[PDB]
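Here's the structure we're looking at; comments come further down.
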Amino acid sequence: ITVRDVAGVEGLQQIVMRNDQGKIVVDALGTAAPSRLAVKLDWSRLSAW
Amino acid sequence: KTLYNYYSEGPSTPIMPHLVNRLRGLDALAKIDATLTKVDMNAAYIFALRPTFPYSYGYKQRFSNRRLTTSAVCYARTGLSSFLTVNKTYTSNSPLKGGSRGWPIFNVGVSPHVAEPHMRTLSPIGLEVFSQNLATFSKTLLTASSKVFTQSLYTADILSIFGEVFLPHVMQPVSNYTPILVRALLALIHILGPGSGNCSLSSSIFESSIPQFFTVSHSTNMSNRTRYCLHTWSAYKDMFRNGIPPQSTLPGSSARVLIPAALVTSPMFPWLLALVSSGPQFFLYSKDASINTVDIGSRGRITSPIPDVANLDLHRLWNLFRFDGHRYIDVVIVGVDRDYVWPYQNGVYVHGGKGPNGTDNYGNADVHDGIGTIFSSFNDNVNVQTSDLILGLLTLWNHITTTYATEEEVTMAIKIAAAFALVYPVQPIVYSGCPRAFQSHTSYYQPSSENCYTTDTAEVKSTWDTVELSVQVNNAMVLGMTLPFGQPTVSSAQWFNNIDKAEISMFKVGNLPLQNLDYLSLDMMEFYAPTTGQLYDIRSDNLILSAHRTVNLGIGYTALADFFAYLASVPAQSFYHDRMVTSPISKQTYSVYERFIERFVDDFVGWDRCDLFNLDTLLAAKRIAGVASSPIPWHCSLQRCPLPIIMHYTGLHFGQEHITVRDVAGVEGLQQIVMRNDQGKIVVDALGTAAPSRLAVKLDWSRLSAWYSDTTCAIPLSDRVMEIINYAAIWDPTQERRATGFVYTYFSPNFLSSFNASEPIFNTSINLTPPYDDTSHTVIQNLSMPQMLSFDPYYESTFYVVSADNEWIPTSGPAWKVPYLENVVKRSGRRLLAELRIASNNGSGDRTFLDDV
Amino acid sequence: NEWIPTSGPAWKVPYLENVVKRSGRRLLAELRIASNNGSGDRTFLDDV
Amino acid sequence: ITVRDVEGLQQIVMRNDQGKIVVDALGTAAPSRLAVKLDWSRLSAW
């Protein structure tokens with residue numbers, strides 16, 4: 001379990017959903033869920049998951 | 001360096017160089033990534049004008065099984081973003097919740113010092129004129145060289161007309177543009193509003209966000225207008241004999257600006273007539289204050305619009321300032337025909353242009369009073385979107401900085417504008433009272449408070465907020481507002497019962513250099529070669545980045561001013577309305593505060609001190625009539641920024657490592673305090689500890705931090721009893737009754753609930769109530785500077801922290817709730833989102849392909 | 001009787017200087033020297 | 001008996017409930033019996 005007072009942008013992604021006329025409606029911060037390949041090469045990633 | 005390096009270092013013995021270098025380094029860290037200004041204007045505004053200053057805090061007690069806060073995170077902000085007054089149509093006399101009955105006018109005059117102009121290189125036309133008038137002639141009446149003799153020496157038959165006019169400046173090509181850049185920065189910052197979002201005298205009213213719609217307003221009595229005369233170049237030439245004088249005459253005509261016809265249509269032109277004139281020629285308000293204002297409760301509830309917002313006006317800081325510029329300006333417009341139509345206001349006829357009834361070559365040079373008559377975008381009742389009112393300022397700043405100005409001028413403008421950037425309310429201060437055991441040894445026994453004013457009724461009001469906003473209290477609180485360096489005001493304005501009146505005093509709060517319009521005309525007529533490539537700082541060409549720099553510099557200025565007031569032992573009551581009637585000690589403290597400010601300004605800003613900080617407004621207090629000072633000792637220093645911002649800018653450390661536990665065995669570090677009566681009976685005989693002297697703090701800066709750990713208690717919310725009073729008091733040998741309590745500066749529970757958001761946006765959906773903690777429901781916080789180490793500005797004497805019943809030993813450490821603070825590096829979610837949008841996912845095309853430069 | 005002329009004048013004694021740079025007003029304080037004179041400027045601004 | 005005069009003086013400052021200085025006077029500390037013990041001219045000067 002992480003505490004991690006955040007300073008930088010490392011490890012984060014921006015999620016955007018634009019509507020018909022081009023207006024941005026979501027634009028949220030997100031983190032990428034690990035893939036099964038990454039878990040295969042690193043079994044701790046599941047635990048952090 | 002980074003914020004991690006600065007948060008790990010503290011002050012040193014040579015303290016002025018340390019503070020100045022730290023402020024320069026923090027200025028070097030003010031980056032907002034100008035690309036953001038092209039994608040998110042509102043986010044750029046919020047990040048630029050409302051800095052966050054994250055910090056961590058906790059409480060610590062000694063013998064309690066109760067679980068209190070340990071590592072909570074908050075975000076501290078300072079300054080008034082706008083002002084709330086009663087509307088012009090308010091007729092009744094009853095007070096309104098949060099609505100002042102008049103706002104101060106921070107009047108700025110003309111600096112006698114002139115900004116030093118630097119060298120310029122002539123354009124090919126200017127070089128032609130220079131090598132022309134420098135050429136050797138032989139007069140002889142056959143040719144025209146003899147026309148300087150047979151005709152007046154201001155002849156245009158050897159040079160051109162423009163060459164004759166600009167001959168003195170062609171001979172000495174110099175220019176300087178900081179006077180207009182300062183006004184541009186001030187205009188942007190005051191229109192949008194920097195700081196915390198608080199927008200009234202009450203600490204509970206806040207601005208929902210940076211406003212999106214403004215309303216103009218005209219006032220004959222209050223506006224500082226200037227006269228404009230519009231001509232054409234051909235018509236302006238015909239006024240005089242045959243050519244126009246190199247030096248403008250006295251009467252308007254006090255200043256002259258030459259504009260090519262291609263530059264008049266630019267959006268920068270109305271903001272160019274402004275920022276060199278005297279302001280404010282018009283007043284700006286928020287369009288509908290019912291949607292940009294919120295009330296924040298003690299626990300953090302954000303309620304419906306203000307209870308009496310229907311009778312309130314949301315003044316911008318634009319209305320709170322007064323600048324002295326040129327009073328008469330001749331707009332010339334060169335390269336235009338005799339049918340020219342003024343493109344900014346119907347019914348305005350240019351002298352020598354189109355006439356009223358379709359006529360040609362208009363013969364009258366009508367004088368227009370105020371920038372609102374021309375430039376219909378500044379008319380009386382006009383609703384203006386934020387973007388199209390700031391676009392002109394942005395274009396003006398970019399053009400001037402990238403064409404006519406240098407880096408030194410931009411930096412000087414930033415530092416000068418930082419002094420007039422923020423407006424702060426009166427400093428609220430509480431007083432814990434004194435322990436009962438010293439009831440017979442005190443002059444200030446009862447706990448009290450001063451300038452503590454909140455208006456929210458949704459939640460429970462703190463016991464320390466007891467200010468009733470009457471007329472006299474309103475005036476006294478208005479005359480306590482201060483600039484970053486601490487300068488208050490004596491001028492004011494009032495628009496009530498459809499009657500508008502301004503009281504402007506001869507004592508100004510500061511001065512700004514005048515802008516030479518001759519340089520403007522020379523640059524805009526391409527007589528000087530443009531200074532392109534003389535801007536090595538990437539933030540100096542935007543304005544929003546520059547405005548962020550000056551806002552950060554102003555917050556640094558006020559933090560350092562509070563720190564100097566603590567260092568010079570300047571009481572917080574020396575800046576109230578009764579600073580001159582109370583006791584002469586105010587001037588004695590000013591006599592050292594002035595030295596501190598003068599050294600800082602001479603070491604950092606590089607401008608004349610008398611323009612940025614005087615004692616004139618301090619020494620001209622009015623005291624009002626029927627407002628009585630609270631019975632509080634003068635033990636609290638001048639402070640407008642909370643502690644976390646102060647230790648961010650100065651480097652002070654107030655962690656939990658400075659709180660002692662120390663089961664006491666010996667007598668080391670303790671003193672015995674005795675008071676014997678007339679017949680020789682001992683009546684006090686208490687244990688005490690010696691408060692550190694400023695010399696010891698100079699040789700050891702940790703002693704101050706431990707001092708903060710020894711006299712600081714968390715302020716209770718629902719009771720007027722501080723647990724520090726149950727254990728300790730202050731023993732002052734220089735006081736007739738030596739026993740005294742503790743003061744502290746107290747902001748509000750609501751102002752601290754406003755610190756629970758990473759960004760200053762509060763409409764309804766923000767959760768300012770901290771969940772899973774509940775400690776803030778009884779104890780608020782202590783963000784004050786420690787007790788002043790000296791109660792005499794000139795002579796040093798030792799006072800003591802004394803015990804109340806000898807059960808508690810001062811050496812054993814505090815027995816109350818001791819707060820501890822720390823500066824933390826923690827970016828906001830929206831800041832990270834903007835960083836991702838402008839750096840990680842920036843496609844553009846001008847950066848993918850136009851990267852070879 | 002009690003004034004010794006070699007001890008210095010005992011009234012308001014003017015002094016003058018020329019000064020090139022036109023500076024602003026400064027509020028100064030003249031005090032007694034009592035070996036406990038402690039002021040913030042004299043303590044922290046003594047570097048230069 | 002002293003006729004001429006470096007800093008054994010001390011400024012004594014006292015304020016009242018209104019914050020106004022009411023003493024502001026120079027003073028010299030009386031010698032301690034230990035000081036007289038180590039130098040008996042201190043008693044002569046006292």
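Going through the structure tokens in order, the chains are called A, B, and so on, while each chain numbers its residues from 1 and the ligands are numbered from 1 in the order shown.
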Near region 776-785 of chain B, within 8 Å and counting only C-alpha atoms, which residues show up once chain neighbours fewer than 4 positions away are dropped, as a PDB file with C-alpha atoms, in the first residue's frame?
```pdb
ATOM      1  CA  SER B 298     -16.534  26.040  10.151  1.00  0.00           C
ATOM      2  CA  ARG B 299     -16.340  22.351   9.207  1.00  0.00           C
ATOM      3  CA  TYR B 566       9.034  39.606  13.862  1.00  0.00           C
ATOM      4  CA  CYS B 636       1.940  39.651  18.412  1.00  0.00           C
ATOM      5  CA  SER B 637       4.024  40.604  15.390  1.00  0.00           C
ATOM      6  CA  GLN B 639       1.488  38.894  10.127  1.00  0.00           C
ATOM      7  CA  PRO B 642      -0.022  31.958   7.638  1.00  0.00           C
ATOM      8  CA  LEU B 643       3.010  30.180   9.028  1.00  0.00           C
ATOM      9  CA  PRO B 644       3.488  27.570   6.229  1.00  0.00           C
ATOM     10  CA  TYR B 708       7.494  28.119  18.781  1.00  0.00           C
ATOM     11  CA  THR B 712       2.065  27.657  20.939  1.00  0.00           C
ATOM     12  CA  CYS B 713      -1.291  26.031  21.683  1.00  0.00           C
ATOM     13  CA  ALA B 714      -4.033  24.896  19.332  1.00  0.00           C
ATOM     14  CA  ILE B 715      -6.870  27.428  19.361  1.00  0.00           C
ATOM     15  CA  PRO B 716     -10.158  25.965  20.664  1.00  0.00           C
ATOM     16  CA  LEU B 717     -13.311  26.461  18.617  1.00  0.00           C
ATOM     17  CA  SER B 718     -16.299  26.436  20.998  1.00  0.00           C
ATOM     18  CA  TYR B 744      -1.275  34.603  18.355  1.00  0.00           C
ATOM     19  CA  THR B 745      -2.826  35.621  15.039  1.00  0.00           C
ATOM     20  CA  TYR B 746      -6.060  33.729  14.344  1.00  0.00           C
ATOM     21  CA  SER B 748     -10.720  31.572  10.956  1.00  0.00           C
ATOM     22  CA  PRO B 749     -12.010  27.986  11.008  1.00  0.00           C
ATOM     23  CA  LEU B 752      -8.730  27.000   7.103  1.00  0.00           C
ATOM     24  CA  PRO B 819       1.056  22.002  16.803  1.00  0.00           C
TER      25      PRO B 819
END
```
Which residues of chain D come within 7 Å of chain B, and for each one, what is the closest pair of atoms and their distance in Å to one decimal, counting only C-alpha atoms, sorted by chain and residue number, as CSV?
```
residue,atom,partner,partner_atom,distance
D:11,CA,B:795,CA,7.0
D:13,CA,B:734,CA,5.6
D:14,CA,B:734,CA,4.5
D:15,CA,B:735,CA,5.1
D:16,CA,B:736,CA,5.5
D:17,CA,B:443,CA,5.7
D:19,CA,B:583,CA,6.5
D:20,CA,B:583,CA,5.9
```
Quick one: residues within 10 Å of residue 28 (chain A), only C-alpha atoms counted, chain neighbours fewer than 2 positions away excluded, as a CSV table (one decimal) with C-alpha atoms, in the first residue's frame?
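Just written: out21.csv:
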```csv
chain,number,residue,atom,x,y,z
A,13,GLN,CA,-2.2,8.9,-17.8
A,14,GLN,CA,-4.9,11.4,-19.0
A,15,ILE,CA,-8.2,9.9,-20.1
A,16,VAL,CA,-10.2,12.0,-22.6
A,17,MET,CA,-13.7,11.6,-24.0
A,25,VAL,CA,-16.3,15.8,-21.1
A,26,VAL,CA,-14.1,13.6,-19.0
A,30,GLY,CA,-5.9,7.5,-14.4
B,829,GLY,CA,-4.4,16.9,-9.5
B,830,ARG,CA,-5.4,19.6,-12.0
B,833,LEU,CA,-3.5,17.0,-15.6
```
TODO: Restrict the distance test to only C-alpha atoms, flag each residue of chain B within 9 Å of chain A, and return the flagged residues as a ChimeraX atom specification.
DONE: /B:824-830,832-833,835-837,840-841
For the selection you just gave me, I'd like the residues written to a file as a compact mmCIF listing (two decimals), in the first residue's frame, keeping N, CA and C atoms.
```txt
# COMPACT_ATOMS: atom_id res chain seq x y z
N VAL B 824 5.70 20.84 2.44
CA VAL B 824 5.64 19.59 1.69
C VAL B 824 5.59 19.90 0.20
N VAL B 825 6.17 19.00 -0.58
CA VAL B 825 6.14 19.08 -2.04
C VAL B 825 5.02 18.17 -2.52
N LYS B 826 3.93 18.77 -3.00
CA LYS B 826 2.75 18.00 -3.37
C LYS B 826 1.98 18.80 -4.42
N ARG B 827 2.09 18.38 -5.68
CA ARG B 827 1.35 19.02 -6.75
C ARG B 827 -0.12 18.63 -6.69
N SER B 828 -0.96 19.48 -7.28
CA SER B 828 -2.39 19.25 -7.32
C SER B 828 -2.76 18.31 -8.47
N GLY B 829 -3.97 17.76 -8.39
CA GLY B 829 -4.44 16.89 -9.45
C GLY B 829 -4.62 17.61 -10.77
N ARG B 830 -5.21 18.81 -10.74
CA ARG B 830 -5.41 19.57 -11.96
C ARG B 830 -4.08 20.06 -12.54
N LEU B 832 -1.24 18.39 -12.37
CA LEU B 832 -0.70 17.22 -13.05
C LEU B 832 -1.45 16.93 -14.34
N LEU B 833 -2.77 17.14 -14.34
CA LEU B 833 -3.55 16.96 -15.56
C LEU B 833 -3.09 17.93 -16.65
N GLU B 835 -0.13 19.35 -16.84
CA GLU B 835 1.21 18.94 -17.23
C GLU B 835 1.15 17.78 -18.22
N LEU B 836 0.25 16.82 -17.99
CA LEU B 836 0.08 15.72 -18.93
C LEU B 836 -0.43 16.22 -20.27
N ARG B 837 -1.38 17.16 -20.26
CA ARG B 837 -1.97 17.64 -21.51
C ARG B 837 -0.97 18.44 -22.34
N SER B 840 3.02 15.59 -22.13
CA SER B 840 3.01 14.18 -22.51
C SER B 840 2.28 13.97 -23.84
N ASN B 841 1.12 14.60 -24.01
CA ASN B 841 0.27 14.39 -25.18
C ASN B 841 0.20 15.64 -26.06
```
* Within 10 Å of residue 33 (chain A), counting only C-alpha atoms, which residues qualify if same-chain residues fewer than 6 places away don't, as a ChimeraX atom specification? -> /A:45-46,49
Residues of chain B that approach chain C to 9 Å or less, counting only C-alpha atoms: could you list each one with the shortest pair of atoms and its distance in Å to one decimal, rows by chain and increasing residue number, as JSON lines?
```
{"residue": "B:13", "atom": "CA", "partner": "C:44", "partner_atom": "CA", "distance": 7.8}
{"residue": "B:14", "atom": "CA", "partner": "C:47", "partner_atom": "CA", "distance": 6.5}
{"residue": "B:15", "atom": "CA", "partner": "C:44", "partner_atom": "CA", "distance": 6.7}
{"residue": "B:16", "atom": "CA", "partner": "C:45", "partner_atom": "CA", "distance": 7.2}
{"residue": "B:113", "atom": "CA", "partner": "C:22", "partner_atom": "CA", "distance": 8.9}
{"residue": "B:564", "atom": "CA", "partner": "C:40", "partner_atom": "CA", "distance": 8.5}
{"residue": "B:566", "atom": "CA", "partner": "C:40", "partner_atom": "CA", "distance": 8.9}
{"residue": "B:567", "atom": "CA", "partner": "C:40", "partner_atom": "CA", "distance": 5.6}
{"residue": "B:568", "atom": "CA", "partner": "C:40", "partner_atom": "CA", "distance": 4.3}
{"residue": "B:569", "atom": "CA", "partner": "C:40", "partner_atom": "CA", "distance": 7.1}
{"residue": "B:587", "atom": "CA", "partner": "C:27", "partner_atom": "CA", "distance": 8.3}
{"residue": "B:588", "atom": "CA", "partner": "C:29", "partner_atom": "CA", "distance": 7.4}
{"residue": "B:590", "atom": "CA", "partner": "C:27", "partner_atom": "CA", "distance": 7.7}
{"residue": "B:591", "atom": "CA", "partner": "C:27", "partner_atom": "CA", "distance": 5.4}
{"residue": "B:592", "atom": "CA", "partner": "C:41", "partner_atom": "CA", "distance": 6.0}
{"residue": "B:593", "atom": "CA", "partner": "C:41", "partner_atom": "CA", "distance": 8.1}
{"residue": "B:594", "atom": "CA", "partner": "C:27", "partner_atom": "CA", "distance": 7.6}
{"residue": "B:595", "atom": "CA", "partner": "C:41", "partner_atom": "CA", "distance": 6.5}
{"residue": "B:596", "atom": "CA", "partner": "C:41", "partner_atom": "CA", "distance": 6.5}
{"residue": "B:599", "atom": "CA", "partner": "C:45", "partner_atom": "CA", "distance": 7.9}
{"residue": "B:608", "atom": "CA", "partner": "C:23", "partner_atom": "CA", "distance": 7.7}
{"residue": "B:609", "atom": "CA", "partner": "C:24", "partner_atom": "CA", "distance": 7.3}
{"residue": "B:610", "atom": "CA", "partner": "C:24", "partner_atom": "CA", "distance": 5.2}
{"residue": "B:611", "atom": "CA", "partner": "C:24", "partner_atom": "CA", "distance": 8.5}
{"residue": "B:614", "atom": "CA", "partner": "C:25", "partner_atom": "CA", "distance": 7.7}
{"residue": "B:615", "atom": "CA", "partner": "C:27", "partner_atom": "CA", "distance": 8.3}
{"residue": "B:694", "atom": "CA", "partner": "C:43", "partner_atom": "CA", "distance": 7.4}
{"residue": "B:695", "atom": "CA", "partner": "C:43", "partner_atom": "CA", "distance": 6.7}
{"residue": "B:698", "atom": "CA", "partner": "C:44", "partner_atom": "CA", "distance": 7.2}
{"residue": "B:790", "atom": "CA", "partner": "C:38", "partner_atom": "CA", "distance": 8.8}
{"residue": "B:792", "atom": "CA", "partner": "C:39", "partner_atom": "CA", "distance": 8.5}
{"residue": "B:793", "atom": "CA", "partner": "C:39", "partner_atom": "CA", "distance": 5.8}
{"residue": "B:794", "atom": "CA", "partner": "C:39", "partner_atom": "CA", "distance": 5.0}
{"residue": "B:795", "atom": "CA", "partner": "C:37", "partner_atom": "CA", "distance": 4.4}
{"residue": "B:796", "atom": "CA", "partner": "C:38", "partner_atom": "CA", "distance": 4.6}
{"residue": "B:797", "atom": "CA", "partner": "C:36", "partner_atom": "CA", "distance": 7.5}
```
Can those selected residues be exported to a file as a compact mmCIF listing (two decimals), in the first residue's frame so that it contains N, CA, C and O atoms?
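part-v3.txt, written as the output of this step:
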```txt
# COMPACT_ATOMS: atom_id res chain seq x y z
N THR B 13 23.15 32.89 9.66
CA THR B 13 23.41 34.10 10.44
C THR B 13 23.40 35.37 9.60
O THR B 13 22.71 36.33 9.98
N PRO B 14 24.11 35.46 8.45
CA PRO B 14 23.85 36.59 7.55
C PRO B 14 22.51 36.37 6.87
O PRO B 14 22.41 35.55 5.94
N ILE B 15 21.48 37.09 7.30
CA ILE B 15 20.12 36.66 7.03
C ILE B 15 19.53 37.39 5.83
O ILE B 15 18.72 36.82 5.09
N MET B 16 19.93 38.64 5.61
CA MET B 16 19.47 39.34 4.41
C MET B 16 19.98 38.71 3.13
O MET B 16 19.17 38.49 2.21
N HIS B 113 11.73 59.92 -9.55
CA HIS B 113 12.79 59.23 -10.28
C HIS B 113 12.28 58.76 -11.63
O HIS B 113 11.15 58.27 -11.75
N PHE B 564 10.38 40.13 8.85
CA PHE B 564 11.13 41.30 9.31
C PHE B 564 10.43 41.95 10.50
O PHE B 564 11.09 42.41 11.44
N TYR B 566 8.65 40.43 12.72
CA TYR B 566 9.03 39.61 13.86
C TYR B 566 10.47 39.88 14.28
O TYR B 566 10.77 39.98 15.48
N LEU B 567 11.38 40.02 13.31
CA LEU B 567 12.78 40.26 13.63
C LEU B 567 12.98 41.64 14.24
O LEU B 567 13.77 41.80 15.18
N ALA B 568 12.28 42.65 13.73
CA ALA B 568 12.36 44.00 14.26
C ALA B 568 11.41 44.24 15.42
O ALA B 568 11.39 45.35 15.97
N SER B 569 10.62 43.23 15.81
CA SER B 569 9.68 43.32 16.92
C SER B 569 8.67 44.45 16.70
O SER B 569 8.59 45.42 17.46
N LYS B 587 5.78 54.44 16.16
CA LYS B 587 6.83 55.09 15.38
C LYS B 587 8.20 54.53 15.73
O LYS B 587 9.06 54.41 14.85
N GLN B 588 8.43 54.20 17.00
CA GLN B 588 9.70 53.60 17.39
C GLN B 588 9.91 52.25 16.73
O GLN B 588 11.05 51.89 16.40
N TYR B 590 8.44 51.50 13.77
CA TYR B 590 8.60 51.88 12.37
C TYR B 590 10.05 52.22 12.07
O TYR B 590 10.56 51.95 10.97
N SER B 591 10.75 52.82 13.04
CA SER B 591 12.13 53.25 12.83
C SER B 591 13.08 52.09 12.59
O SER B 591 14.22 52.33 12.17
N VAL B 592 12.67 50.85 12.86
CA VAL B 592 13.47 49.67 12.55
C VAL B 592 12.86 48.88 11.39
O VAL B 592 13.59 48.30 10.58
N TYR B 593 11.53 48.84 11.32
CA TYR B 593 10.87 48.19 10.19
C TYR B 593 11.29 48.85 8.88
O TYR B 593 11.48 48.18 7.86
N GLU B 594 11.45 50.18 8.90
CA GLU B 594 11.90 50.91 7.72
C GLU B 594 13.31 50.51 7.33
O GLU B 594 13.60 50.37 6.14
N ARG B 595 14.21 50.33 8.30
CA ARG B 595 15.56 49.88 7.97
C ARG B 595 15.53 48.50 7.33
O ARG B 595 16.22 48.26 6.32
N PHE B 596 14.74 47.58 7.88
CA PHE B 596 14.66 46.24 7.31
C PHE B 596 14.15 46.29 5.87
O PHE B 596 14.75 45.70 4.96
N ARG B 599 16.72 47.89 3.45
CA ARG B 599 17.80 46.99 3.08
C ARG B 599 17.33 45.94 2.09
O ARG B 599 18.01 45.67 1.08
N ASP B 608 14.16 52.67 -6.20
CA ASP B 608 14.18 53.57 -5.06
C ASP B 608 13.14 53.13 -4.02
O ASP B 608 12.01 52.80 -4.37
N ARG B 609 13.55 53.13 -2.75
CA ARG B 609 12.67 52.66 -1.69
C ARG B 609 11.44 53.56 -1.53
O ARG B 609 10.33 53.07 -1.31
N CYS B 610 11.63 54.88 -1.64
CA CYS B 610 10.54 55.81 -1.38
C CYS B 610 9.38 55.62 -2.34
O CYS B 610 8.26 56.07 -2.05
N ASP B 611 9.61 54.97 -3.48
CA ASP B 611 8.52 54.67 -4.41
C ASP B 611 7.73 53.44 -3.97
O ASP B 611 6.54 53.33 -4.29
N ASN B 614 6.84 53.87 2.03
CA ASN B 614 7.07 55.00 2.92
C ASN B 614 6.36 54.74 4.25
O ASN B 614 5.70 53.72 4.44
N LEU B 615 6.51 55.69 5.18
CA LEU B 615 5.75 55.70 6.42
C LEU B 615 4.62 56.72 6.39
O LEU B 615 3.99 56.96 7.43
N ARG B 694 17.20 37.87 20.74
CA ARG B 694 17.44 37.89 19.30
C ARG B 694 18.90 37.61 18.96
O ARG B 694 19.19 37.07 17.89
N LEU B 695 19.82 37.95 19.86
CA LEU B 695 21.23 37.61 19.65
C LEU B 695 21.43 36.10 19.63
O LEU B 695 22.11 35.57 18.74
N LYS B 698 20.16 34.72 16.52
CA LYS B 698 21.09 35.01 15.44
C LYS B 698 22.23 33.99 15.42
O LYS B 698 22.62 33.52 14.35
N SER B 790 10.92 40.44 21.80
CA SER B 790 11.16 41.68 22.52
C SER B 790 9.92 42.55 22.46
O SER B 790 9.30 42.70 21.40
N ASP B 792 10.19 45.75 23.48
CA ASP B 792 10.74 47.09 23.35
C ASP B 792 11.60 47.13 22.10
O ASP B 792 12.53 46.32 21.96
N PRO B 793 11.32 48.05 21.16
CA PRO B 793 12.08 48.04 19.90
C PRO B 793 13.54 48.42 20.06
O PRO B 793 14.36 48.01 19.23
N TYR B 794 13.90 49.19 21.09
CA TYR B 794 15.25 49.73 21.21
C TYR B 794 16.11 49.02 22.25
O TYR B 794 17.30 48.80 22.01
N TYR B 795 15.54 48.65 23.39
CA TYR B 795 16.31 48.12 24.51
C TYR B 795 15.88 46.70 24.80
O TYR B 795 14.68 46.40 24.85
N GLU B 796 16.86 45.82 25.01
CA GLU B 796 16.63 44.39 25.16
C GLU B 796 16.56 44.03 26.64
O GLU B 796 17.49 44.33 27.40
N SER B 797 15.46 43.40 27.04
CA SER B 797 15.29 42.88 28.38
C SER B 797 14.73 41.46 28.29
O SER B 797 14.12 41.08 27.29
```
Chain D residues within 10 Å of chain C, counting only C-alpha atoms: which ones, as a ChimeraX atom specification? /D:6-12,25-28
I need the residues from that last selection saved to file as an mmCIF file, in the first residue's frame (with C-alpha atoms), if you can.
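Writing the result to selection-v6.cif gives the following:
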```
data_model
loop_
_atom_site.group_PDB
_atom_site.id
_atom_site.type_symbol
_atom_site.label_atom_id
_atom_site.label_comp_id
_atom_site.auth_asym_id
_atom_site.auth_seq_id
_atom_site.Cartn_x
_atom_site.Cartn_y
_atom_site.Cartn_z
ATOM 1 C CA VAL D 6 32.715 51.457 29.094
ATOM 2 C CA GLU D 7 29.109 50.230 29.355
ATOM 3 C CA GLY D 8 28.014 49.332 32.864
ATOM 4 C CA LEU D 9 24.704 51.151 32.321
ATOM 5 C CA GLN D 10 21.290 49.604 31.764
ATOM 6 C CA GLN D 11 18.074 51.173 30.518
ATOM 7 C CA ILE D 12 15.121 50.366 32.782
ATOM 8 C CA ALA D 25 15.705 55.637 33.007
ATOM 9 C CA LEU D 26 19.379 54.717 33.128
ATOM 10 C CA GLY D 27 20.692 52.669 36.030
ATOM 11 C CA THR D 28 23.752 50.919 37.428
#
```
Residue 659 (chain B) proximity check over B:814, B:280, B:741, B:533, using only C-alpha atoms: winner is B:814
Using only C-alpha atoms, the shortest atom-to-atom distance to residue 822 (chain B) among B:414, B:493, B:261, B:73 belongs to B:73
The distance between CA of residue 35 (chain B) and CA of residue 207 (chain B) is 26.6 Å
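Taking region 805-845 of chain B and asking which residues DSSP calls strand (DSSP E or B) on the backbone, you get residues 818, 819, 820, 821, 822 and 823 of chain B.
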